[PDB]
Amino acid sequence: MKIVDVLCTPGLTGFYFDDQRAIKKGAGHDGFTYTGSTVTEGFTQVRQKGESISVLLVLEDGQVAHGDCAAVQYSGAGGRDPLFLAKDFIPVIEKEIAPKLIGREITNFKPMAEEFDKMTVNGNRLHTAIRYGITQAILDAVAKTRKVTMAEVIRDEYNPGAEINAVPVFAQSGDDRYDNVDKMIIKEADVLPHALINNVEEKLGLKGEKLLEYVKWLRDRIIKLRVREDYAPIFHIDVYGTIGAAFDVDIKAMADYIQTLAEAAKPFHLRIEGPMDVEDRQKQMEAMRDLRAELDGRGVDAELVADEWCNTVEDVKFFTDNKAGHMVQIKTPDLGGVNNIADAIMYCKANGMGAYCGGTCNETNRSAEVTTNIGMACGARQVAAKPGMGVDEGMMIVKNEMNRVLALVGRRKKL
């Protein structure tokens, strides 16, 4: 099968590009917008529409493969590629990538994805979001040529011999940590709610007393609302380093506090994302490693989820090799080529580290379907409901795709 044409369209995403720099300088609020001047190159307003580029690969047989380029909310922030405005990046795809794809015989997903993930233009690597979308489209093209699901392509090429099963779906609440929890319970999120505990005094409590109250509330809320008595989701709460802040990154003290949260969560299991956020990757690895060791040596039944300082494939391996937490967040948009997601999950698998196949609220329906397929193919421990902050829509996109893929896979197994 040849690729005969490549088309690019600008588009929207599930969220916004936010000028993180301007917000951190103290941008004000006005309705759903921020006030004041922009700081970050490229921004015309502090909050602006998130953007995507749909990449279509027209195949020789007339099928159309489809992936979406997209970036995080804080596109163009510190350590990130420039603000992902479709107008700025469609030209690179049209001029530099299309000629390399047009007339290409579709081969395996891995070599083609690695090629396009690594290709340079004028000596420079491609924007992370371009690599994201192009490799999604390549994955879909291989699936379509082979007449199987994307999950099956990935399983064949990265996880051979394995079954493809449902993956627990993790929904994120943002600041609406009560109402969106209700949505999650009604939509039977397997893992919930994130809860955006991103401030010591307002959200954690100076002694952690506010998050303690919240965990108890959450436990009781699930019990009150759940349609099925056997609905027993896993708690996953991101504290944005605030536990570290509140207890001076004292290993014992953090563990003792986390123990009180586990105890408050019972009968539900507790995962804490980003317990501390310290000054460099080395010390983050160490503190995560050390807190896990404290929790495990004591048999405290709580899991730690890495995030801050654990960004790249190399970082994933680093956190994994060192048991720096119980679960590692695989940050799908930031990895560029989606083949990197599969390698990152398989690295975690090989080493018995939980893999959380993540994402951004600012990506698309299509990109979410694609990375969901990869999470399923690689037997990830959880996948993100995304994109958007509506919760309903992200759950729908991810879980419906999941169910459909399992149906097709199950059919194939029975032919």
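The first residue of the sequence shown is number 1, and the count goes up from there.
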Going by the mean C-alpha B-factor recorded in the entry, which is higher: 267 to 275 or 252 to 260? 252 to 260
Residue range whose averaged C-alpha B-factor is higher in the record, 230 to 238 or 101 to 109: 101 to 109
Deposited CA B-factor, highest of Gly379, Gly67, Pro387, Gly28: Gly28
Member of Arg155, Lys207, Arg219, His326 with the greatest C-alpha B factor (per the PDB record): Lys207
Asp19: CA temperature factor from the record, placed by chain third, in the highest
Grab the CA temperature factor for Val370 from the record and place it in the lowest, middle or highest third of its chain. lowest
Temperature factor at the Cα of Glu363, chain-ranked in thirds, falls in the lowest
How does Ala355 rank on Cα B-factor within its chain, lowest, middle or highest third? lowest
Compared with the other modelled residues in the chain, in which third is the CA B-factor of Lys203? highest
